[PDB]
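Notes for the one structure printed next.
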Amino acid sequence: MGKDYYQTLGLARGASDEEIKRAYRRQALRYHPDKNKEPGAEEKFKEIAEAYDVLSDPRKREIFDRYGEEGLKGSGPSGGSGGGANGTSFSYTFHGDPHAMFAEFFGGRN
């Protein structure tokens with residue numbers, strides 16, 4: 001339905017940076033390799049990692065915040081052109097994967 005980052009974190013849209021980190025920890029633990037091994041859920045984890053990605057990274061934070069998810073995937077206000085993609089397909093920037101951030105922050109623990 002909706003790829004609401006806060007709903008994928010599992011908290012209120014008006015939550016705090018700290019709560020976003022903690023909420024993210026729960027979710028990253030939820031889909032941690034040693035906790036959950038399922039195809040598609042691995043992609044859900046990417047979507048959650050993406051959710052946080054922007055919450056941790058001001059560079060996509062403004063974007064998400066400004067327009068939302070569609071303005072980051074390439075289907076928002078200029079949907080179809082995806083910024084400069086023009087005719088090129090493009091998923092969420094899962095390259096930006098704060099499982100390295102997570103591994104650094106919490107290390108896959110509580």
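Labels used: A, B, ... for chains in the order of the structure tokens, numbers from 1 for residues in each chain, and numbers from 1 for ligands as shown.
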Chain A: residues DSSP assigns to alpha helix (DSSP H), reported as a PyMOL selection string: chain A and resi 5-9+17-30+41-56+58-66+70-73+99-105
Residues within 12 Å of range 89-96 of chain A, only C-alpha atoms, excluding chain neighbours under 3 positions, as a PyMOL selection string: chain A and resi 3+42-57+59-60+64+69-75+79-86+99-101
Spatial neighbours of residue 4 in chain A, 9 Å, only C-alpha atoms, chain gap at least 3 places, as a PyMOL selection string: chain A and resi 7-9+13+51+68-69
What is the CA of residue 37 in chain A to CA of residue 6 in chain A distance in Å?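 If I compute the distance from CA of residue 37 in chain A to CA of residue 6 in chain A, I get 23.1 Å.
Interatomic distance, CA of residue 23 in chain A against CA of residue 98 in chain A: 13.7 Å.
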